[PDB]
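Colleague: Here you go, coords-v8.csv (CSV, C-alpha atoms):
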```
chain,number,residue,atom,x,y,z
E,2,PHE,CA,0.0,0.0,0.0
E,3,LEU,CA,1.0,3.7,0.0
E,4,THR,CA,2.6,4.5,3.4
E,5,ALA,CA,1.8,7.8,5.0
E,6,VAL,CA,4.7,10.3,5.4
E,7,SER,CA,3.6,10.7,9.1
E,8,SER,CA,4.3,7.0,9.7
E,9,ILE,CA,7.9,7.8,10.5
E,10,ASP,CA,9.4,10.7,12.6
E,11,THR,CA,11.5,12.4,9.9
E,12,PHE,CA,9.0,14.9,8.7
E,13,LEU,CA,6.8,15.4,11.7
E,14,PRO,CA,8.5,18.8,12.7
E,15,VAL,CA,7.6,20.4,9.3
E,16,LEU,CA,4.2,18.7,9.0
E,17,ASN,CA,3.4,20.3,12.4
E,18,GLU,CA,4.1,23.7,10.6
E,19,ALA,CA,2.4,23.1,7.2
E,20,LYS,CA,-0.8,22.5,5.3
E,21,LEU,CA,-0.9,20.7,2.0
E,22,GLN,CA,-2.4,22.2,-1.1
E,23,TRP,CA,-3.4,19.7,-3.6
E,24,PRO,CA,-4.2,19.7,-6.5
E,25,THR,CA,-4.7,23.5,-6.4
E,26,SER,CA,-4.1,26.3,-3.9
E,27,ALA,CA,-7.9,26.3,-3.1
E,28,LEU,CA,-8.0,22.7,-1.9
E,29,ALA,CA,-6.0,21.9,1.2
E,30,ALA,CA,-5.5,19.5,4.1
E,31,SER,CA,-4.5,20.8,7.5
E,32,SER,CA,-1.4,20.2,9.5
E,33,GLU,CA,-3.5,18.0,11.9
E,34,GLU,CA,-4.6,15.9,8.9
E,35,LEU,CA,-1.0,15.6,7.7
E,36,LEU,CA,0.2,14.5,11.1
E,37,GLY,CA,-2.8,12.2,11.3
E,38,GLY,CA,-1.9,10.0,8.4
E,39,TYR,CA,-2.8,11.9,5.2
E,40,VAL,CA,-1.6,9.8,2.3
E,41,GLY,CA,-2.3,9.5,-1.4
E,42,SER,CA,-0.6,9.0,-4.8
E,43,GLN,CA,0.1,12.8,-4.6
E,44,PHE,CA,1.9,12.6,-1.2
E,45,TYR,CA,3.4,9.4,0.3
E,46,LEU,CA,6.5,7.9,1.8
E,47,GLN,CA,8.6,6.4,-0.9
E,48,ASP,CA,11.5,3.9,-0.5
E,49,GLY,CA,10.8,4.1,3.3
E,50,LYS,CA,12.4,7.5,3.6
E,51,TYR,CA,11.2,10.1,1.0
E,52,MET,CA,8.3,12.5,1.3
E,53,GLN,CA,7.3,12.2,-2.3
E,54,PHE,CA,5.1,14.8,-4.1
E,55,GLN,CA,3.4,14.0,-7.5
E,56,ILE,CA,1.2,16.2,-9.6
E,57,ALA,CA,0.0,16.5,-13.2
E,58,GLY,CA,-1.7,19.3,-15.0
E,59,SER,CA,-0.8,22.9,-15.9
E,60,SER,CA,-0.3,25.0,-12.8
E,61,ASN,CA,-1.5,22.2,-10.5
E,62,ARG,CA,0.4,21.6,-7.3
E,63,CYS,CA,1.0,19.3,-4.4
E,64,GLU,CA,2.7,21.8,-2.1
E,65,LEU,CA,3.3,22.4,1.6
E,66,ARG,CA,2.5,25.9,2.8
E,67,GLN,CA,4.0,27.2,6.1
E,68,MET,CA,1.7,27.5,9.1
E,69,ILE,CA,2.0,28.5,12.7
E,70,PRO,CA,3.0,25.4,14.6
E,71,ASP,CA,0.7,23.2,16.7
E,72,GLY,CA,-2.5,23.7,14.8
E,73,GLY,CA,-2.1,27.4,14.2
E,74,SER,CA,-3.3,29.5,11.3
E,75,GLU,CA,-1.4,30.7,8.3
E,76,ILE,CA,1.9,32.3,9.0
E,77,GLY,CA,2.9,35.7,7.6
E,78,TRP,CA,6.3,37.2,8.1
E,79,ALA,CA,8.3,40.1,6.5
E,80,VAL,CA,11.6,40.2,4.8
E,81,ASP,CA,12.5,43.3,7.0
E,82,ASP,CA,11.1,42.1,10.3
E,83,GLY,CA,14.6,41.6,11.7
E,84,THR,CA,14.2,37.9,12.1
E,85,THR,CA,16.2,35.4,10.0
E,86,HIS,CA,13.8,33.1,8.1
E,87,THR,CA,15.4,29.9,6.9
E,88,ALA,CA,14.1,26.9,4.9
E,89,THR,CA,16.2,23.9,4.3
E,90,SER,CA,15.7,20.7,2.4
E,91,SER,CA,17.3,17.7,0.9
E,92,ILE,CA,15.7,16.8,-2.4
E,93,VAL,CA,16.1,14.0,-5.0
E,94,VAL,CA,14.8,15.3,-8.3
E,95,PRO,CA,14.5,12.2,-10.5
E,96,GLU,CA,14.5,12.3,-14.3
E,97,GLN,CA,11.1,13.8,-15.2
E,98,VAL,CA,8.5,12.3,-17.4
E,99,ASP,CA,8.3,13.6,-21.0
E,100,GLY,CA,5.9,16.6,-20.9
E,101,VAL,CA,7.1,17.9,-17.6
E,102,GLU,CA,9.0,21.1,-18.3
E,103,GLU,CA,9.4,23.0,-15.1
E,104,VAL,CA,8.7,22.1,-11.4
E,105,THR,CA,8.8,24.6,-8.7
E,106,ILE,CA,10.1,22.9,-5.6
E,107,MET,CA,10.6,25.6,-3.0
E,108,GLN,CA,9.2,29.1,-2.7
E,109,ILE,CA,8.9,32.3,-0.7
E,110,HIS,CA,5.4,33.5,-1.4
E,111,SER,CA,3.2,36.2,0.0
E,112,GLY,CA,-0.5,37.1,-0.2
E,113,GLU,CA,-0.1,38.4,-3.8
E,114,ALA,CA,3.1,37.1,-5.4
E,115,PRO,CA,6.1,34.8,-5.3
E,116,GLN,CA,9.2,36.5,-4.0
E,117,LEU,CA,11.3,33.4,-4.8
E,118,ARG,CA,10.8,30.2,-6.8
E,119,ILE,CA,13.4,27.5,-6.9
E,120,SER,CA,12.5,25.3,-9.8
E,121,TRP,CA,13.8,22.4,-11.9
E,122,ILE,CA,13.8,23.4,-15.5
E,123,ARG,CA,14.2,21.1,-18.6
E,124,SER,CA,15.6,23.7,-21.0
E,125,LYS,CA,16.1,27.5,-20.8
E,126,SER,CA,18.7,30.1,-21.9
E,127,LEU,CA,19.9,32.6,-19.3
E,128,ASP,CA,22.0,35.6,-20.2
E,129,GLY,CA,22.8,34.0,-23.6
E,130,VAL,CA,23.8,30.6,-22.2
E,131,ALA,CA,21.6,27.6,-22.9
E,132,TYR,CA,21.2,25.3,-19.9
E,133,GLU,CA,19.4,22.0,-19.6
E,134,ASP,CA,18.1,19.8,-16.8
E,135,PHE,CA,19.0,22.3,-14.1
E,136,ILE,CA,17.9,24.1,-10.9
E,137,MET,CA,17.0,27.8,-11.2
E,138,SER,CA,16.1,30.6,-8.9
E,139,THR,CA,13.6,33.2,-9.9
E,140,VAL,CA,13.4,36.3,-7.6
E,141,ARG,CA,10.8,38.9,-8.1
E,142,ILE,CA,12.0,42.5,-7.7
E,143,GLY,CA,8.7,43.9,-9.1
E,144,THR,CA,5.1,42.9,-9.6
E,145,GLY,CA,5.0,42.9,-13.4
E,146,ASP,CA,5.6,40.1,-15.9
E,147,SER,CA,8.2,41.8,-18.1
E,148,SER,CA,11.7,40.4,-17.7
E,149,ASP,CA,13.0,43.3,-15.7
E,150,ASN,CA,10.8,42.2,-12.8
E,151,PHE,CA,12.9,39.1,-12.2
E,152,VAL,CA,16.4,38.0,-11.4
E,153,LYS,CA,17.0,34.4,-12.6
E,154,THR,CA,20.0,32.4,-11.7
E,155,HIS,CA,21.4,29.0,-12.7
E,156,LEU,CA,22.0,27.3,-9.3
E,157,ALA,CA,23.1,23.8,-10.2
E,158,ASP,CA,22.7,21.0,-12.7
E,159,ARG,CA,20.3,18.3,-11.6
E,160,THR,CA,22.0,15.4,-9.9
E,161,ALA,CA,20.9,11.8,-9.5
E,162,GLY,CA,21.6,12.0,-5.8
E,163,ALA,CA,20.0,14.1,-3.1
E,164,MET,CA,20.7,17.9,-3.3
E,165,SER,CA,20.6,20.1,-0.2
E,166,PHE,CA,19.1,23.6,-0.2
E,167,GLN,CA,19.1,26.4,2.3
E,168,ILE,CA,17.1,29.7,1.7
E,169,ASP,CA,18.0,32.4,4.3
E,170,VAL,CA,16.1,35.8,4.5
E,171,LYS,CA,17.5,38.4,6.8
E,172,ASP,CA,17.3,42.2,6.7
E,173,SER,CA,15.7,42.4,3.3
E,174,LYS,CA,18.4,40.2,1.7
E,175,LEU,CA,18.3,36.6,0.4
E,176,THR,CA,21.0,34.0,0.3
E,177,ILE,CA,20.6,30.5,-1.3
E,178,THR,CA,23.0,27.6,-0.7
E,179,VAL,CA,22.9,24.4,-2.8
E,180,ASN,CA,24.9,21.3,-1.6
E,181,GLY,CA,26.6,23.6,0.9
E,182,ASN,CA,27.7,26.0,-1.8
E,183,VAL,CA,26.5,29.6,-1.9
E,184,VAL,CA,24.8,30.3,-5.2
E,185,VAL,CA,23.1,33.6,-4.4
E,186,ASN,CA,24.4,35.9,-1.7
E,187,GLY,CA,22.7,39.1,-0.5
E,188,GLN,CA,20.1,39.4,-3.2
E,189,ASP,CA,17.9,42.5,-2.6
E,190,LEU,CA,14.4,41.8,-1.4
E,191,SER,CA,13.7,45.4,-0.2
E,192,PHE,CA,11.0,45.9,-2.8
E,193,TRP,CA,9.0,43.6,-0.5
E,194,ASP,CA,9.6,45.7,2.7
E,195,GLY,CA,6.4,46.1,4.6
E,196,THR,CA,4.8,43.0,3.0
E,197,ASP,CA,3.9,41.0,6.2
E,198,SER,CA,2.3,38.0,4.5
E,199,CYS,CA,5.4,36.1,3.4
E,200,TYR,CA,5.7,32.3,4.0
E,201,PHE,CA,7.7,29.3,2.8
E,202,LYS,CA,6.4,26.6,0.5
E,203,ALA,CA,7.8,23.4,-0.8
E,204,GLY,CA,6.8,20.4,-2.8
E,205,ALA,CA,5.9,20.2,-6.5
E,206,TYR,CA,4.2,23.0,-8.5
E,207,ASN,CA,4.0,22.0,-12.2
E,208,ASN,CA,4.7,24.9,-14.5
E,209,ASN,CA,4.0,25.0,-18.2
E,210,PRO,CA,3.9,21.3,-19.0
E,211,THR,CA,3.5,20.2,-22.6
E,212,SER,CA,1.1,17.4,-21.6
E,213,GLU,CA,-1.7,17.6,-19.1
E,214,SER,CA,-1.2,14.0,-18.0
E,215,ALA,CA,2.5,14.0,-17.4
E,216,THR,CA,3.2,13.6,-13.7
E,217,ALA,CA,5.9,15.7,-12.0
E,218,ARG,CA,7.6,13.8,-9.2
E,219,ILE,CA,9.8,15.3,-6.4
E,220,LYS,CA,11.3,13.4,-3.5
E,221,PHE,CA,12.2,15.2,-0.2
E,222,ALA,CA,14.6,13.5,2.1
E,223,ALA,CA,14.4,16.4,4.6
E,224,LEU,CA,12.6,19.7,4.9
E,225,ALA,CA,12.6,22.2,7.7
E,226,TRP,CA,11.5,25.8,8.4
E,227,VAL,CA,13.5,27.5,11.1
E,228,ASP,CA,13.6,31.0,12.5
E,229,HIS,CA,16.6,32.6,14.3
```
Starting from the coordinates I provided, produce the structure as structure tokens.

Modeller:
Amino acid sequence: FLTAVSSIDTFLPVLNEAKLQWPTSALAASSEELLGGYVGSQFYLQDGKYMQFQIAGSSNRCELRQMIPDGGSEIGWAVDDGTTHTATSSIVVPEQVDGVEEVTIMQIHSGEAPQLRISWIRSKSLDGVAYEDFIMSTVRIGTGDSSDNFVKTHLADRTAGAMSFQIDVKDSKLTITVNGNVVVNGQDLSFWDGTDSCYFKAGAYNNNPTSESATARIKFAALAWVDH
């Protein structure tokens, strides 16, 4: 059978601080439900150790959304609140099925927009360099959809093995570390000063697939939100 992620202890700390959105942002299961054995094809314990997310369809998701711990409501923090907000993970990104083109695996999001997406991307050119099968950051420095609103960075090429991530926000600046290596340091987030509705997300958010049936699949070996 499909084993529930909460059947082992590894992910209980983060499940106590998250709700699960699936298959859209409007349909969710509570932290209490996650700790209480929530399971399905979209979210189950794979290989006895991975919190595996699976989703098909354009702009569908299976994604954890940060919550106040111990049954609390939605969290909202600010990039300039003085606190350090940190999300860490260890992720196995398997080879993706044909038709899956981009999968957002971690975010900083607010009430109205994504400050940061970390995504696996099948193919994209950045600053006149074509990359394939890679991990990218997209940071919003504005609210519009023209390219000047974003800073996009090649972080790493996808590996067969687990890849660690750390996202740190402090004093309106962002640092991203991948496999222990800094890949973005001190990126400005001050456009978002005063936005007090920010929160972390992680899982699988399927962006711009070429087939509605192709299932994105992301395996988390570890995930944590922490505050300092």

Colleague: Please provide as a list in words all residues within 12 Å of residue 131 in chain E, with the sequence filter that same-chain residues fewer than 6 positions apart are discarded (counting only C-alpha atoms).

Modeller: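 Residues meeting the cut-off are residues 122, 123, 124, 125 and 155 of chain E.
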
Colleague: Once you have the residues from the selection above, write them out as a PDB file, keeping the file's coordinate frame, restricted to C-alpha atoms.

Modeller:
```pdb
ATOM      1  CA  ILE E 122      13.800  23.400 -15.500  1.00  0.00           C
ATOM      2  CA  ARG E 123      14.200  21.100 -18.600  1.00  0.00           C
ATOM      3  CA  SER E 124      15.600  23.700 -21.000  1.00  0.00           C
ATOM      4  CA  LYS E 125      16.100  27.500 -20.800  1.00  0.00           C
ATOM      5  CA  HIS E 155      21.400  29.000 -12.700  1.00  0.00           C
TER       6      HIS E 155
END
```

Colleague: Can you find the residues with an atom no farther than 6 Å from (17.7, 30.8, -10.7), counting only C-alpha atoms, and report them as a list in words?

Modeller: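 I get residues 137, 138, 139, 153, 154, 155 and 156 of chain E for the residues within 6 Å of that point.
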
Colleague: Nearest to residue 104 in chain E among E:76, E:182, E:140, E:219, with distances taken over all atoms listed in the file: which residue is it?

Modeller: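 Checking each of E:76, E:182, E:140, E:219 against residue 104 in chain E, counting all atoms listed in the file, the winner is E:219.
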
Colleague: For CA of residue 159 in chain E and CA of residue 135 in chain E, determine how far apart the two atoms are, in Å to one decimal place.

Modeller: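 Straight-line distance from CA of residue 159 in chain E to CA of residue 135 in chain E works out to 4.9 Å.
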
Colleague: Residues at most 8 Å from range 6-16 of chain E, counting all atoms listed in the file, excluding those fewer than 6 positions away in the same chain, as number ranges by chain?

Modeller: E: 32, 35-40, 44-46, 51-52, 223-226

Colleague: Pick from E:171, E:176, E:210, E:218: nearest to residue 85 in chain E, with all atoms listed in the file counted?

Modeller: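 Once distances to residue 85 in chain E are computed over all atoms listed in the file, the minimum belongs to E:171.
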
Colleague: Could you please determine the separation between CA of residue 172 in chain E and CA of residue 65 in chain E in Å, to one decimal place?

Modeller: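 CA of residue 172 in chain E sits 24.8 Å away from CA of residue 65 in chain E.
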
Colleague: Rank nothing, just name the residue among E:213, E:33, E:158, E:228 nearest to residue 98 in chain E, using all atoms listed in the file.

Modeller: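 Nearest candidate to residue 98 in chain E out of E:213, E:33, E:158, E:228: E:213.
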
Colleague: CA of residue 92 in chain E and CA of residue 212 in chain E are how many Å apart?

Modeller: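 Separation of CA of residue 92 in chain E and CA of residue 212 in chain E: 24.1 Å.
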
Colleague: Can you find the residues with an atom no farther than 9 Å from (22.9, 31.1, -4.0), counting only C-alpha atoms, and report them as a tab-separated table (two decimals) with C-alpha atoms, in the frame of the given file?

Modeller:
```tsv
chain	number	residue	atom	x	y	z
E	138	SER	CA	16.10	30.60	-8.90
E	154	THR	CA	20.00	32.40	-11.70
E	156	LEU	CA	22.00	27.30	-9.30
E	167	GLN	CA	19.10	26.40	2.30
E	168	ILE	CA	17.10	29.70	1.70
E	175	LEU	CA	18.30	36.60	0.40
E	176	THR	CA	21.00	34.00	0.30
E	177	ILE	CA	20.60	30.50	-1.30
E	178	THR	CA	23.00	27.60	-0.70
E	179	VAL	CA	22.90	24.40	-2.80
E	182	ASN	CA	27.70	26.00	-1.80
E	183	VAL	CA	26.50	29.60	-1.90
E	184	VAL	CA	24.80	30.30	-5.20
E	185	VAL	CA	23.10	33.60	-4.40
E	186	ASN	CA	24.40	35.90	-1.70
E	187	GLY	CA	22.70	39.10	-0.50
E	188	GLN	CA	20.10	39.40	-3.20
```

Colleague: Identify which of the residues E:148, E:91, E:47, E:105 lies closest to residue 3 in chain E, counting all atoms listed in the file when measuring atom-to-atom distances.

Modeller: E:47

Colleague: Determine, counting all atoms listed in the file, which protein, DNA and RNA residues have an atom within 7 Å of an atom of residue 198 in chain E; residues of the same chain fewer than 3 positions away are not included. Present the result as a ChimeraX atom specification.

Modeller: /E:77-79,111-112

Colleague: Of the residues E:90, E:116, E:67, E:61, which is the one nearest to residue 20 in chain E, using all atoms listed in the file?

Modeller: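 Answer, going by the shortest atom-to-atom distance: E:67.
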
Colleague: Kindly indicate which residue among E:169, E:56, E:150, E:119 lies nearest to residue 97 in chain E, using all atoms listed in the file for the distances.

Modeller: E:56

Colleague: I'd like the contact shell of residue 59 in chain E - 12 Å cut-off, all atoms listed in the file, skipping same-chain residues fewer than 2 positions apart - returned as a ChimeraX atom specification.

Modeller: /E:24-25,56-57,61-62,100-104,205-217

Colleague: Tell me which protein, DNA and RNA residues are within 7 Å of residue 21 in chain E, counting only C-alpha atoms, leaving out same-chain ones fewer than 2 positions away, and put them as a list in words.

Modeller: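 Returned residues: residues 19, 23, 29, 30, 31, 63, 64, 65 and 66 of chain E.
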
Colleague: Take the structure in the block and write a file for range 196-228 of chain E, N, CA and C atoms, as a PDB file, in the first residue's frame.

Modeller:
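Wrote it out as result-v7.pdb, contents follow:
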```
ATOM      1  N   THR E 196       5.672  44.086   3.332  1.00  0.00           N
ATOM      2  CA  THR E 196       4.769  42.976   3.038  1.00  0.00           C
ATOM      3  C   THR E 196       4.876  41.970   4.178  1.00  0.00           C
ATOM      4  N   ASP E 197       3.825  41.844   4.981  1.00  0.00           N
ATOM      5  CA  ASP E 197       3.912  41.032   6.187  1.00  0.00           C
ATOM      6  C   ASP E 197       3.188  39.697   6.050  1.00  0.00           C
ATOM      7  N   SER E 198       3.059  39.200   4.825  1.00  0.00           N
ATOM      8  CA  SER E 198       2.284  38.002   4.539  1.00  0.00           C
ATOM      9  C   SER E 198       3.144  36.921   3.903  1.00  0.00           C
ATOM     10  N   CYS E 199       4.466  37.011   4.031  1.00  0.00           N
ATOM     11  CA  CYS E 199       5.364  36.054   3.405  1.00  0.00           C
ATOM     12  C   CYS E 199       5.370  34.733   4.159  1.00  0.00           C
ATOM     13  N   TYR E 200       5.641  33.666   3.420  1.00  0.00           N
ATOM     14  CA  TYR E 200       5.723  32.331   3.990  1.00  0.00           C
ATOM     15  C   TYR E 200       6.490  31.430   3.034  1.00  0.00           C
ATOM     16  N   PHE E 201       6.989  30.332   3.570  1.00  0.00           N
ATOM     17  CA  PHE E 201       7.665  29.327   2.769  1.00  0.00           C
ATOM     18  C   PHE E 201       6.690  28.291   2.220  1.00  0.00           C
ATOM     19  N   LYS E 202       7.058  27.731   1.068  1.00  0.00           N
ATOM     20  CA  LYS E 202       6.378  26.598   0.460  1.00  0.00           C
ATOM     21  C   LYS E 202       7.415  25.613  -0.049  1.00  0.00           C
ATOM     22  N   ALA E 203       6.988  24.361  -0.160  1.00  0.00           N
ATOM     23  CA  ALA E 203       7.843  23.358  -0.764  1.00  0.00           C
ATOM     24  C   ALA E 203       6.996  22.189  -1.223  1.00  0.00           C
ATOM     25  N   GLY E 204       7.438  21.564  -2.301  1.00  0.00           N
ATOM     26  CA  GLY E 204       6.759  20.391  -2.830  1.00  0.00           C
ATOM     27  C   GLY E 204       6.918  20.327  -4.334  1.00  0.00           C
ATOM     28  N   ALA E 205       5.812  20.247  -5.066  1.00  0.00           N
ATOM     29  CA  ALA E 205       5.868  20.199  -6.525  1.00  0.00           C
ATOM     30  C   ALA E 205       4.752  21.058  -7.091  1.00  0.00           C
ATOM     31  N   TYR E 206       5.122  22.096  -7.831  1.00  0.00           N
ATOM     32  CA  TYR E 206       4.178  22.970  -8.507  1.00  0.00           C
ATOM     33  C   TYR E 206       4.544  22.930  -9.982  1.00  0.00           C
ATOM     34  N   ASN E 207       3.645  22.410 -10.802  1.00  0.00           N
ATOM     35  CA  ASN E 207       3.954  22.014 -12.172  1.00  0.00           C
ATOM     36  C   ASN E 207       3.680  23.195 -13.096  1.00  0.00           C
ATOM     37  N   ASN E 208       4.735  23.726 -13.714  1.00  0.00           N
ATOM     38  CA  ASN E 208       4.659  24.946 -14.504  1.00  0.00           C
ATOM     39  C   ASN E 208       4.820  24.629 -15.989  1.00  0.00           C
ATOM     40  N   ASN E 209       3.855  25.048 -16.793  1.00  0.00           N
ATOM     41  CA  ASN E 209       3.970  25.020 -18.245  1.00  0.00           C
ATOM     42  C   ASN E 209       4.328  23.648 -18.824  1.00  0.00           C
ATOM     43  N   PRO E 210       3.657  22.579 -18.396  1.00  0.00           N
ATOM     44  CA  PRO E 210       3.903  21.274 -19.015  1.00  0.00           C
ATOM     45  C   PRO E 210       3.424  21.268 -20.460  1.00  0.00           C
ATOM     46  N   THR E 211       3.972  20.346 -21.259  1.00  0.00           N
ATOM     47  CA  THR E 211       3.502  20.176 -22.630  1.00  0.00           C
ATOM     48  C   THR E 211       2.469  19.069 -22.759  1.00  0.00           C
ATOM     49  N   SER E 212       2.165  18.383 -21.663  1.00  0.00           N
ATOM     50  CA  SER E 212       1.115  17.392 -21.593  1.00  0.00           C
ATOM     51  C   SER E 212       0.398  17.572 -20.267  1.00  0.00           C
ATOM     52  N   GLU E 213      -0.938  17.528 -20.298  1.00  0.00           N
ATOM     53  CA  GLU E 213      -1.709  17.649 -19.064  1.00  0.00           C
ATOM     54  C   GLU E 213      -1.628  16.397 -18.198  1.00  0.00           C
ATOM     55  N   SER E 214      -1.224  15.261 -18.765  1.00  0.00           N
ATOM     56  CA  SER E 214      -1.220  14.001 -18.041  1.00  0.00           C
ATOM     57  C   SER E 214       0.137  13.638 -17.461  1.00  0.00           C
ATOM     58  N   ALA E 215       1.203  14.318 -17.878  1.00  0.00           N
ATOM     59  CA  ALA E 215       2.537  13.962 -17.415  1.00  0.00           C
ATOM     60  C   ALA E 215       2.695  14.344 -15.953  1.00  0.00           C
ATOM     61  N   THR E 216       3.159  13.408 -15.137  1.00  0.00           N
ATOM     62  CA  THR E 216       3.216  13.611 -13.690  1.00  0.00           C
ATOM     63  C   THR E 216       4.612  14.037 -13.248  1.00  0.00           C
ATOM     64  N   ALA E 217       4.711  15.246 -12.693  1.00  0.00           N
ATOM     65  CA  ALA E 217       5.922  15.691 -12.031  1.00  0.00           C
ATOM     66  C   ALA E 217       6.094  14.942 -10.718  1.00  0.00           C
ATOM     67  N   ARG E 218       7.345  14.680 -10.355  1.00  0.00           N
ATOM     68  CA  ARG E 218       7.626  13.837  -9.202  1.00  0.00           C
ATOM     69  C   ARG E 218       8.868  14.368  -8.510  1.00  0.00           C
ATOM     70  N   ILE E 219       8.745  14.699  -7.222  1.00  0.00           N
ATOM     71  CA  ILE E 219       9.835  15.282  -6.437  1.00  0.00           C
ATOM     72  C   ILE E 219       9.903  14.574  -5.096  1.00  0.00           C
ATOM     73  N   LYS E 220      11.103  14.140  -4.690  1.00  0.00           N
ATOM     74  CA  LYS E 220      11.289  13.376  -3.451  1.00  0.00           C
ATOM     75  C   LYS E 220      12.096  14.188  -2.444  1.00  0.00           C
ATOM     76  N   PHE E 221      11.506  14.475  -1.293  1.00  0.00           N
ATOM     77  CA  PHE E 221      12.189  15.195  -0.226  1.00  0.00           C
ATOM     78  C   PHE E 221      12.734  14.194   0.780  1.00  0.00           C
ATOM     79  N   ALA E 222      14.041  14.233   1.007  1.00  0.00           N
ATOM     80  CA  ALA E 222      14.638  13.480   2.095  1.00  0.00           C
ATOM     81  C   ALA E 222      14.588  14.232   3.418  1.00  0.00           C
ATOM     82  N   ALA E 223      14.477  15.558   3.370  1.00  0.00           N
ATOM     83  CA  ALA E 223      14.434  16.392   4.556  1.00  0.00           C
ATOM     84  C   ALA E 223      13.798  17.713   4.157  1.00  0.00           C
ATOM     85  N   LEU E 224      13.118  18.328   5.118  1.00  0.00           N
ATOM     86  CA  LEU E 224      12.566  19.663   4.940  1.00  0.00           C
ATOM     87  C   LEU E 224      12.360  20.271   6.318  1.00  0.00           C
ATOM     88  N   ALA E 225      12.749  21.531   6.458  1.00  0.00           N
ATOM     89  CA  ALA E 225      12.594  22.225   7.716  1.00  0.00           C
ATOM     90  C   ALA E 225      12.437  23.712   7.467  1.00  0.00           C
ATOM     91  N   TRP E 226      11.530  24.334   8.220  1.00  0.00           N
ATOM     92  CA  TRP E 226      11.540  25.776   8.387  1.00  0.00           C
ATOM     93  C   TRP E 226      12.058  26.085   9.769  1.00  0.00           C
ATOM     94  N   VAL E 227      12.927  27.064   9.829  1.00  0.00           N
ATOM     95  CA  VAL E 227      13.469  27.499  11.102  1.00  0.00           C
ATOM     96  C   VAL E 227      13.609  29.012  11.096  1.00  0.00           C
ATOM     97  N   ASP E 228      13.643  29.561  12.292  1.00  0.00           N
ATOM     98  CA  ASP E 228      13.635  30.990  12.513  1.00  0.00           C
ATOM     99  C   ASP E 228      14.696  31.243  13.570  1.00  0.00           C
TER     100      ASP E 228
END
```
